[PDB]
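Here is the structure we will look at.
Keep in mind that the numbers below use all heavy atoms, side chains included, and drop hydrogens, waters and symmetry copies. Just so we're on the same page: letters track the sequence lines, and every chain starts at 1.
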Amino acid sequence: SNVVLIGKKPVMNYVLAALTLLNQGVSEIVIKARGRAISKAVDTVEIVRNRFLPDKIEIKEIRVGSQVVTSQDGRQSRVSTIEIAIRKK
Amino acid sequence: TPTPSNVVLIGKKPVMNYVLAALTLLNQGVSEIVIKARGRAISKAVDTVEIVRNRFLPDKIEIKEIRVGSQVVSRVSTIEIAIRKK
Amino acid sequence: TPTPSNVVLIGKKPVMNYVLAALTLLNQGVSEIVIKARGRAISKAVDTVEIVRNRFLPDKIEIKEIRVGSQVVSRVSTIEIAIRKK
Amino acid sequence: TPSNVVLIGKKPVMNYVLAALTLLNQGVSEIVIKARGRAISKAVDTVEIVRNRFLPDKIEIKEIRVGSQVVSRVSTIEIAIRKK
RNA sequence: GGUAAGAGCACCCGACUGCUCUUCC
RNA sequence: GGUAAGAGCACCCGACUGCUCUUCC
């Protein structure tokens with residue numbers, strides 16, 4: 001799987017996961033997140049770009065969207081989503 | 001009629017504020033607007049865009065482009081989502 | 001598709017702070033940065049750029065793009081100067 | 001100095017706005033606003049006031065050039081604007 | 001989660017007041 | 001006698017933003 005799913009863990013967890021994927025020869029990886037984690041996704045990309053691969057990375061695609069989920073009180077709600085496909089240059 | 005800025009800066013306010021700003025711009029003959037945000041508010045930015053497109057102007061608005069970045073403060077993430085009617 | 005940005009924001013601190021930030025970014029491998037400012041600091045933004053291109057990296061840094069604008073406050077002017085390695 | 005040039009100094013921005021608009025209203029199609037040092041922001045102000053408040057959808061930013069001059073060093077800006 | 005009320009730090013736009021310097025009637 | 005327009009410095013106030021925090025629902 002070339003997908004890094006952003007969650008509640010510190011951003012460095014996902015940064016290191018992504019870096020590990022890139023170092024293992026995986027040409028293209030996809031960082032995915034929804035709701036509050038969206039900014040963390042962006043962080044994950046930027047750190048990967050700005051701390052470890054200052055030139056060896058490019059953003060292939062950014063896609064945003066929405067999905068309906070049932071909250072912890074059984075109420076249907078819309079949640080934003082983001083996917084960032086990046087690859088080595 | 002003076003030309004308003006086509007930029008909606010997402011900040012600390014509720015999403016509805018920015019949805020209303022964006023829709024006000026679009027309804028006043030502005031063809032393309034840019035939603036900008038930094039840090040956690042990036043989520044709000046996305047919310048705003050989605051809320052503007054799928055809910056209140058359906059089938060009329062295109063996401064022209066999405067640009068992410070970093071701003072030196074330490075650093076913080078940035079996003080700019082350019083959308084337009086189509 | 002747009003290449004992610006790296007922004008240095010200008011304020012009222014001594015110009016060398018911002019020059020330092022810019023040079024640091026450029027030396028780390030970032031090939032293009034954006035110097036942003038609002039109001040009076042616009043002058044300093046220009047300063048930063050010039051100081052970057054004339055004192056440290058002569059014949060290495062070029063101006064990619066200059067954009068001026070306005071933000072509602074009343075109103076304040078804005079500048080963005082994108083510079084790039086030749 | 002060319003006749004289509006507005007040089008920014010220490011005067012309130014309204015003066016330079018008025019000079020620019022006077023030129024544009026007298027039939028001059030393109031004008032250039034020039035400034036140096038701290039007045040640079042004022043130059044931008046002038047331009048922004050002219051194209052957004054006085055003549056909406058009629059003025060284009062043709063070109064912006066920044067530079068340096070020796071006095072110490074001072075920054076310079078030139079902003080060429082034109083009618084659509 | 002909240003058009004619930006506040007707080008600290010950083011960053012930054014603008015203003016008042018005092019002082020210094022420049023340019024007048 | 002008048003005290004304007006700028007450039008600095010000090011202090012402070014009012015917004016915007018970023019990052020945390022407290023209480024309340």
Side-chain angles (χ1 to χ4, degrees), chain A residues 8 10-11 34-40 42-43 46-47 69-80, chain B residues 5 7-21 35-45 47-48 51 68-80, chain C residues 7-15 17-18 20-21 34-45 47-48 68-80, chain D residues 7-19 35-46 48 71-75:
Chain A
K8 358 100 79 165
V11 61
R34 71 183 181 181
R36 288 181 157 269
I38 285 183
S39 70
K40 186 179 290 178
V42 182
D43 287 336
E46 281 299 285
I47 295 172
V69 309
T70 169
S71 299
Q72 292 184 13
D73 61 342
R75 197 161 302 175
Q76 289 202 349
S77 307
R78 190 206 59 86
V79 182
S80 290
Chain B
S5 173
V7 174
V8 180
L9 174 58
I10 309 303
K12 308 179 183 305
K13 273 68 182 176
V15 175
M16 178 63 85
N17 286 65
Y18 309 111
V19 172
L20 290 181
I35 287 84
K36 302 181 176 176
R38 285 169 276 268
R40 294 178 187 273
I42 290 173
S43 67
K44 278 187 180 177
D47 287 344
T48 297
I51 286 182
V68 295
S70 289
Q71 180 171 323
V72 178
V73 178
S74 63
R75 56 115 253 149
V76 68
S77 295
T78 66
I79 202 176
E80 298 186 8
Chain C
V7 178
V8 177
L9 174 63
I10 310 303
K12 296 191 176 72
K13 299 180 179 181
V15 61
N17 286 92
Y18 311 116
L20 217 296
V34 178
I35 309 307
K36 289 192 182 187
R38 304 195 301 163
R40 299 184 171 89
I42 288 174
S43 66
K44 191 168 296 174
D47 289 336
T48 297
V68 294
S70 296
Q71 288 182 14
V72 173
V73 59
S74 183
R75 187 209 60 89
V76 174
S77 294
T78 68
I79 198 175
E80 300 183 9
Chain D
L7 180 60
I8 310 297
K10 73 164 186 176
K11 299 181 180 181
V13 59
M14 179 64 64
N15 292 77
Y16 308 107
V17 164
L18 289 180
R36 70 206 306 104
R38 291 260 79 162
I40 286 173
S41 76
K42 188 167 297 188
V44 180
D45 284 335
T46 294
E48 282 301 289
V71 171
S72 302
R73 62 157 306 280
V74 61
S75 293

Next on the checklist: Under a 3.5 Å threshold, yes or no: a donor from one side chain and an acceptor from the other, between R38(D) and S43(C)?
Outcome noted: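 A pair is found: one side chain offers a donor N or O, the other an acceptor, under 3.5 Å apart.
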
Checklist entry - What base-paired stems does RNA chain E take part in, with at least 3 consecutive Watson-Crick or G-U wobble pairs and both distances under 3.5 Å? => result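 If one scans RNA chain E for consecutive Watson-Crick or G-U pairs, the stems found are E:4-10 with F:17-23, E:17-23 with F:4-10.
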
Next on the checklist: North (positive) or south (negative) by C1'-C2'-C3'-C4': which describes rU3(E)?
Outcome noted: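 North, since the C1'-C2'-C3'-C4' torsion of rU3(E) has a positive sign.
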
Item to check | Torsion-based syn/anti label for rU3(E), 90° from 0 as limit | outcome: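 Anti, angle beyond 90° from zero.
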
[atom1]-based separation of [M] from [N] [nearest Å]:
| N | M | atom1 | answer |
| --- | --- | --- | --- |
| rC19(E) | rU3(F) | P | 15 Å |
| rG18(F) | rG2(E) | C1' | 22 Å |
| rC9(F) | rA15(E) | P | 15 Å |

Applying side-chain contact (heavy atoms from CB on, under 4.5 Å), can you list everything that pairs with [X], at least two apart in sequence or on another chain?
| X | answer |
| --- | --- |
| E46(A) | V42(A), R49(A), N50(A), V68(B), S70(B), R75(B), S77(B), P4(C) |
| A45(C) | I10(C), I35(C), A37(C), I79(C) |
| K8(A) | none |
| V15(C) | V19(C), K44(C), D47(C), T48(C), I51(C) |

Item to check | Residues forming a side-chain hydrogen bond (donor to acceptor under 3.5 Å, both in side chains) with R36(D), sequence neighbours excluded | outcome: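 Residues passing side-chain hydrogen bond (donor to acceptor under 3.5 Å, both in side chains) with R36(D): none at all.
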
Checklist entry - Which residues satisfy the side-chain hydrogen bond (donor to acceptor under 3.5 Å, both in side chains) test with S71(A), sequence neighbours excluded? => result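 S71(A) satisfies side-chain hydrogen bond (donor to acceptor under 3.5 Å, both in side chains) with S77(A) only.
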
Item to check | Contact pattern, 5' to 3', of nucleotides 10-25 of chain F - B, S or - by protein heavy atom under 4.0 Å | outcome: ------SBBSS-----

Next on the checklist: Heavy atoms only, 4.0 Å cut-off, all strands: where does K42(D) land among base, sugar-phosphate and nothing?
Outcome noted: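 The answer is sugar-phosphate, as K42(D) gets under 4.0 Å only of primed atoms, P, OP1 or OP2.
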
Item to check | Any side-chain heavy-atom pair of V74(D) and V71(D) under 4.5 Å | outcome: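 A side-chain contact under 4.5 Å exists here.
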
